[PDB]
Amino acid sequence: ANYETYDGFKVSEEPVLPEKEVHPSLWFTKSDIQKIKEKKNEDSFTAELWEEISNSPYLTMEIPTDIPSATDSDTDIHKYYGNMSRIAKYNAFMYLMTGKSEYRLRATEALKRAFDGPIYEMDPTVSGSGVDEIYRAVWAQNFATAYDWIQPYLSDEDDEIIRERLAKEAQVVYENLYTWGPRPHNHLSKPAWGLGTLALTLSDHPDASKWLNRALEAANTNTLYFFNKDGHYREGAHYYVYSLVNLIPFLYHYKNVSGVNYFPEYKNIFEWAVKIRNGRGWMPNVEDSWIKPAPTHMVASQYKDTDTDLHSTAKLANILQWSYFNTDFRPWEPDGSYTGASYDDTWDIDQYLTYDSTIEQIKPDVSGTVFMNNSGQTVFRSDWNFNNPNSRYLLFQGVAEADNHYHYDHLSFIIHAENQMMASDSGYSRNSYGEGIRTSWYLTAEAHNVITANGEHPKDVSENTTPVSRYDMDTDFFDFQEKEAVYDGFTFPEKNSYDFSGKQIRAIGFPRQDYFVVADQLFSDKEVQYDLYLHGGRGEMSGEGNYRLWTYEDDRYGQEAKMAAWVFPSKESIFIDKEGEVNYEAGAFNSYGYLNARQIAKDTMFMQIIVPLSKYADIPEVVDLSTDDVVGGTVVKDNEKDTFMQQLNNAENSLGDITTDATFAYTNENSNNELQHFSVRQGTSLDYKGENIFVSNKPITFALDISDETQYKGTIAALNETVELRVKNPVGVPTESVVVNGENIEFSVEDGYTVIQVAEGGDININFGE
C-alpha cells in the first residue's frame, strides 16, 4: 500500500516550545482558574457537566495497592492504568476547583505510580495488548494534564520523581512509535498526539524537541493518507471520533503552550461531520464504523472568525455548535459515552474546558445537498431540520479505498427519511474487528447497495484516486450526480488479473427532493452476471416481482415508517429474496430480508425507484416501461406523474410521454398533466407528449423548472465547450433577460424559442414579459 499518493493534508513538523515551562498552561493558566470554577453556572449544560465531574467515583474510589503482574488478563491491565490515569486527572482538577487537601494528595500518589507495574515488560505489538498504543495515548495525556495542573503544589522531590516517570513513557513512545504503528492508521496518530502532549508538558526536558518533532511527523502520515483535504476520514466515523479523543486535546495543548494554532488547517475534518450528518445528526455506519455523533461543540470556540459554505452570513462556530446539540443522543443512554475509550477518557472534564456557552446555535441556511468530490462522498438532502420526518437524506459513497478498516461499498448509498434509517450499509460487524463474520459478511460487497460483475465489487481505477464524479446539479426540484467505478481495477487485498474488463456508471437523482432514482449503466467486454443488491436496513421485507417494501417499527434508531422500491428492467431480470445482518452499533445485530436483482448481459442498465413513506401513506403507482434499448418507467405519487428514462447511447428513443437522445431524462407533471420540471443527461432534444421542450447544437446536461410562466429557473451542469441551447417560451410570451451566474448573457428569440450560447454552467433564469 502506497501511503503518500492520497490527496490528504499535513502541518509543519518544526517543534516550537516556550522559553520556560508554565504550569498550568495545557488547557488554561493560573489567572483563568476562578473563571473555570464559575463556568458551572453559565447554563444547564455546564451544570450537568459539573454534576458529573464533581461526583466522579475517581474522587472517592480507593487507589488500588494491588499492582497487576505481566500474566494477569489484558482487560485488568488496561483498567489498572486507565483508572490510575483517571484518578490523577480527576483529582488534580477538583483540587484546582475546590482546594480540598485530599484531592492534591491522591493526584500526587497516582502520578508517583504513573506507569508502575508490568507495562514496560509487556509487548504492545501482541494482538489485544492491555498496554496497546491506542490506550497509553489517553493515559499519557491524562497523566501529563494531571501533572501540569498539580506541579506548582508538589515538593521539589515529588516533582523530580513524577517528571522522571512521564519522561520515561515519552522516551519509550518516541523509540517504539513506528514499531507499534508500522502502518499510519489511528494506532500511529493517537499515541503520536499523546507524545505531543508529553513533549509540551515537559517542554524544558532536553529531548522535548525530538519528541514533538516525531509526534508531528508521525501524525502527518495519518493526515496525508487516511484524511482527505476536504476533511473525510477513510477509517470511517467511529475511528475518526477515536482519533479526536487524542487530537482535539493536542490541538489546544500546542496552541495554549507554544502559540502554534493548527485549528485553521484541521478545520475541514469538523465541517465534514456536519456535511454528512443525517436528520438526527448521526454520521453514517460506513467502513468499520457504527452510527456516531460528531463532538463539534468541543472545537466550535476556535472557528468564530472562520467562514463556511454552510451559511450565507453566520460563522462556522455557530454551525458546529448547532450540529452537536441537534443530535439524538438516545443511542448512548444511559452511560453517555460515544468516544470508544470509556475505560480511559475524561470526556466530562474535556467538554467542561472546551464548551463555549456564548456561541449561538445557528442552523445551516444553504441547500442541504453537498458535493465533496475530492473524497468522493455526496449527500442529497432536502433540509437541515433536526428529527423532522419530512427530511430526505441520501449519502452517495464513492471514496478511494484505504488499507485499514475498509468495506467494499463503491457507488453504495444509504437513506435517512421519515425519522427512520432506511436503505442501509450493513455496518462494522456484530461486536468487534477480529470476528470471522466481519470478513465473511460485513465488509463484503454483497452486504452493501452495490452491483457486482461475476461477484467482483466496483473499485478504484488506480490506488488512492477518487472515483470520478460528473453532471453535479443542485436545484429546488431535482438534484443529480453520476459516479464511475471499474470492476478490473485496484482494491485490498491487491488482485492483479480479471477474466473480463467492465465499469459501472451509477447516477442518482432527487425528484421533488422527495424520493430517489438510482440509474446504473453497466459496460463489459464479455457476458457476465450483474448482481444488484438493495438492503432496506432493519425492516420487515415484503413484496413479489420487481417490487419490495421494508416496514420499520419504533426502534432505537427511528420511528414507524416504510421504504418502497421497484427495480427495472422487470422482464430481463430475476429477483431473489435473501437475508443478511444489519448492525448500527456494537451488539445490536439482527437478520433482515434484502433484494438481489440479477441479469446476465454484456452492456446493460438497472434502475431503482426508492420512495420513503410514513407508516400508512399510499404506495405510489409505478409502471415498468423498459424495452430493448431503453430502461425506465412512471411514478404516480401525490397526484403528480414522474417519468424516468435511461439508455447507453445518444440515440432518439421514447418511454411514456418522453422522447429524447439523452442518456438520462426526468420529467414531472402537476395534477393537470402539464410538464412542470425536467432534467436531461447529455441531450440535444426533449419532447413531452410530442411537443418539443428544448434542442441544442451539442449535448447538454441541465434541469429546468417551467411551472412559473414569468420565469424559467434551474441549473446547467459544468460545460467543456460552448453550446447553443434553445428553450421553448410559453406561447405568445417574449424573453426580457437571461441570467447565468448572476450575469446577463446575450439572447435572441426565434420561432418562440429563447436562443443562448452558454460557455460555462451554473444557475440559469430565463425572465419573460407578458
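Quick note: we count residues from 1 along the sequence shown, nothing fancier.
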Going by the entry, of stretches 115 to 123 and 365 to 373 the one with greater average Cα B-factor is 115 to 123
Mean B factor on CA atoms, stretches 469 to 477 and 668 to 676, record says higher is 668 to 676
Per the deposited B-factor column, the C-alpha that peaks among 212, 518, 188, 414 belongs to 212
Top Cα B-factor in this entry, restricted to 284, 398, 436, 537, sits on 436
So, residue 571's CA B-factor, relative to its chain, sits in which third? The middle
So, residue 485's CA B-factor, relative to its chain, sits in which third? The lowest
Of the three thirds of Cα B-factor ranks in this chain, residue 620 occupies the middle
Residue 135: CA temperature factor from the record, placed by chain third, in the highest
Of the three thirds of the chain ranked by Cα temperature factor, residue 697 occupies the middle
